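Structure below is work17.cif: mmCIF, C-alpha atoms.
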```cif
data_target
#
loop_
_atom_site.group_PDB
_atom_site.id
_atom_site.type_symbol
_atom_site.label_atom_id
_atom_site.label_comp_id
_atom_site.auth_asym_id
_atom_site.auth_seq_id
_atom_site.Cartn_x
_atom_site.Cartn_y
_atom_site.Cartn_z
ATOM 1 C CA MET A 1 -2.952 -107.358 0.142
ATOM 2 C CA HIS A 2 -0.196 -107.341 -2.475
ATOM 3 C CA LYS A 3 0.614 -103.823 -3.629
ATOM 4 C CA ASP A 4 -1.058 -100.429 -3.270
ATOM 5 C CA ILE A 5 -2.094 -97.914 -5.930
ATOM 6 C CA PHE A 6 0.441 -95.101 -5.934
ATOM 7 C CA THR A 7 -1.212 -91.826 -5.008
ATOM 8 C CA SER A 8 0.798 -88.732 -4.108
ATOM 9 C CA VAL A 9 0.938 -84.950 -4.462
ATOM 10 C CA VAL A 10 3.203 -83.363 -7.066
ATOM 11 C CA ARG A 11 4.018 -79.676 -7.553
ATOM 12 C CA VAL A 12 2.413 -77.944 -10.525
ATOM 13 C CA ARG A 13 4.419 -75.016 -11.841
ATOM 14 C CA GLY A 14 2.146 -72.501 -13.527
ATOM 15 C CA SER A 15 -0.708 -70.069 -13.072
ATOM 16 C CA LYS A 16 -3.717 -72.377 -13.035
ATOM 17 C CA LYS A 17 -5.569 -71.488 -9.820
ATOM 18 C CA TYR A 18 -4.254 -74.525 -7.905
ATOM 19 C CA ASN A 19 -0.644 -75.140 -6.851
ATOM 20 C CA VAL A 20 -0.308 -78.918 -6.537
ATOM 21 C CA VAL A 21 -2.096 -81.858 -8.138
ATOM 22 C CA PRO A 22 -3.039 -85.279 -6.687
ATOM 23 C CA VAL A 23 -1.605 -87.968 -8.940
ATOM 24 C CA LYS A 24 -2.267 -91.690 -8.974
ATOM 25 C CA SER A 25 -1.040 -94.761 -10.791
ATOM 26 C CA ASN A 26 -2.843 -97.073 -13.193
ATOM 27 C CA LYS A 27 -1.295 -100.227 -11.743
ATOM 28 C CA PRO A 28 -0.587 -101.356 -8.128
ATOM 29 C CA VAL A 29 2.845 -100.513 -6.730
ATOM 30 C CA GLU A 30 4.711 -101.701 -3.648
ATOM 31 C CA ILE A 31 4.630 -99.199 -0.776
ATOM 32 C CA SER A 32 8.431 -99.012 -0.875
ATOM 33 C CA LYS A 33 8.136 -97.600 -4.400
ATOM 34 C CA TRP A 34 5.301 -95.286 -3.357
ATOM 35 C CA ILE A 35 7.944 -93.403 -1.388
ATOM 36 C CA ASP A 36 10.480 -93.720 -4.212
ATOM 37 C CA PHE A 37 8.112 -92.251 -6.812
ATOM 38 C CA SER A 38 7.111 -89.469 -4.412
ATOM 39 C CA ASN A 39 10.823 -88.686 -4.073
ATOM 40 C CA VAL A 40 10.938 -88.274 -7.849
ATOM 41 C CA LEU A 41 7.869 -86.029 -7.795
ATOM 42 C CA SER A 42 9.616 -83.900 -5.170
ATOM 43 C CA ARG A 43 12.063 -82.785 -7.877
ATOM 44 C CA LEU A 44 9.402 -82.801 -10.571
ATOM 45 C CA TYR A 45 7.270 -79.860 -11.651
ATOM 46 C CA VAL A 46 4.198 -80.527 -13.760
ATOM 47 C CA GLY A 47 3.445 -77.460 -15.843
ATOM 48 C CA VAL A 48 0.292 -78.600 -17.598
ATOM 49 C CA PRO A 49 -3.257 -77.730 -16.465
ATOM 50 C CA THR A 50 -5.097 -80.783 -17.757
ATOM 51 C CA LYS A 51 -8.156 -82.980 -17.232
ATOM 52 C CA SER A 52 -8.403 -86.154 -15.159
ATOM 53 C CA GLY A 53 -6.426 -89.161 -16.307
ATOM 54 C CA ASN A 54 -3.504 -87.211 -17.731
ATOM 55 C CA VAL A 55 -0.182 -89.049 -17.921
ATOM 56 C CA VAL A 56 2.758 -87.092 -16.527
ATOM 57 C CA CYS A 57 5.484 -89.692 -16.812
ATOM 58 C CA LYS A 58 5.107 -93.085 -18.438
ATOM 59 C CA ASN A 59 7.454 -95.791 -17.135
ATOM 60 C CA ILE A 60 8.484 -93.807 -14.058
ATOM 61 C CA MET A 61 11.934 -94.964 -12.898
ATOM 62 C CA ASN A 62 11.610 -97.318 -15.885
ATOM 63 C CA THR A 63 8.998 -99.599 -14.375
ATOM 64 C CA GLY A 64 6.365 -99.738 -17.088
ATOM 65 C CA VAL A 65 3.744 -97.992 -14.990
ATOM 66 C CA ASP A 66 1.776 -94.821 -15.756
ATOM 67 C CA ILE A 67 1.397 -91.858 -13.415
ATOM 68 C CA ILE A 68 -1.750 -89.845 -14.061
ATOM 69 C CA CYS A 69 -3.208 -86.751 -12.424
ATOM 70 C CA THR A 70 -6.902 -87.183 -11.699
ATOM 71 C CA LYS A 71 -7.607 -83.585 -10.731
ATOM 72 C CA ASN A 72 -8.812 -81.099 -13.336
ATOM 73 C CA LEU A 73 -6.620 -78.000 -13.496
ATOM 74 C CA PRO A 74 -8.462 -74.839 -14.616
ATOM 75 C CA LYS A 75 -5.745 -72.585 -16.014
ATOM 76 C CA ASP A 76 -7.980 -69.978 -17.579
ATOM 77 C CA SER A 77 -11.254 -69.468 -15.758
ATOM 78 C CA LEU A 78 -13.439 -68.418 -18.672
ATOM 79 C CA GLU A 79 -17.014 -68.821 -17.489
ATOM 80 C CA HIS A 80 -19.502 -67.228 -19.861
ATOM 81 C CA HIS A 81 -22.728 -67.801 -17.946
ATOM 82 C CA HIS A 82 -22.703 -64.467 -16.142
ATOM 83 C CA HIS A 83 -21.784 -61.155 -17.747
ATOM 84 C CA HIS A 84 -20.344 -58.825 -15.088
ATOM 85 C CA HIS A 85 -21.466 -56.226 -12.547
#
```

Show me this structure written as structure tokens.
Amino acid sequence: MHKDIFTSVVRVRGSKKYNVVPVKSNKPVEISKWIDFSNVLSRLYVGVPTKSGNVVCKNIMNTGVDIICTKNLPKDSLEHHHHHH
């Protein structure tokens, strides 16, 4: 229609079960910048296991837009429902 919501996969550097995180933008971006931002993420390593809606870089490429990961990264899997066999 006009612009598309940026959504890409960035590398997450750390021991947190997963390896990469799906990130999205708060505001619509032109598809030409979707590639451009993904290029940035290709040199970028997120090292924070966080909840959904976490801002990695605000004003990416100095645009005024927010890039947020919407996947929940479980770094330490501490489940205390079961004991242990």

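Remark: for residue A:45, the closest of the candidate residues A:16, A:11, A:27, A:75 is A:11 (distances computed over all atoms listed in the file).
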
- On this structure, which residues satisfy the PyMOL selection byres ((chain A and resi 77-81) around 12), written as a ChimeraX atom specification? /A:15-18,49,73-76,82-84

- the PyMOL selection byres ((chain A and resi 30-33) around 8) on the file shown: which residues, as a ChimeraX atom specification? /A:2-4,6,28-29,34-37

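Minimum distance to residue A:25 across A:46, A:60, A:68, A:12 (counting only C-alpha atoms) occurs at A:68.
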
- At what distance in Å, to one decimal, does atom CA of residue A:26 lie from atom CA of residue A:48? 19.2 Å

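Considering all atoms listed in the file, the residue among A:85, A:41, A:9, A:70 positioned nearest to residue A:57 is A:41.
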
- Task: Go through A:38, A:47, A:56, A:63 one by one, measure the shortest atom-to-atom distance of each to residue A:14 using all atoms listed in the file, and give the residue with the smallest value.
- Result: A:47

- Which polymer residues have any atom within 9 Å of an atom of residue A:58, counting all atoms listed in the file, with same-chain residues fewer than 6 positions away left out, as a ChimeraX atom specification? /A:64-68

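One finds atom CA of residue A:39 at 22.3 Å from atom CA of residue A:52.
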
- State, in Å with one decimal place, the distance from atom CA of residue A:44 to atom CA of residue A:8. 12.3 Å
